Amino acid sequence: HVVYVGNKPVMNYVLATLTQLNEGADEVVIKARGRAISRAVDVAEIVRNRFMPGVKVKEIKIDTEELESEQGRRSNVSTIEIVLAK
């Protein structure tokens, strides 16, 4: 059960996360790369702080990926993975 964090308002992504767990889903994975990683973290704190305390931060994985820009630029962009579980 993944949840990709992008540019949309934080709320969208957090609800999606809540509706995932609320949908049973025992463990959910929050992902994002580039400047979105901050939002990813934001999303995980809002969920664990304002909706489901007791929800646990199982894991946080950071890495690198190659991304091709619309202009043909190829570069390394960081990525994060936060695992939330009841």
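The numbering used is simple: start at 1 and walk along the sequence shown.
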Identify the stretch, either 67 to 75 or 17 to 25, whose C-alpha atoms have the larger mean B-factor according to the entry.
-> 17 to 25
Mean C-alpha B-factor higher for 52 to 60, or for 38 to 46?
-> 52 to 60
Lowest, middle or highest third: where is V3 by C-alpha B factor in its chain?
-> highest
Would you check the entry's CA temperature factor for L84 and let me know if it's in the chain's lowest, middle or highest third?
-> middle
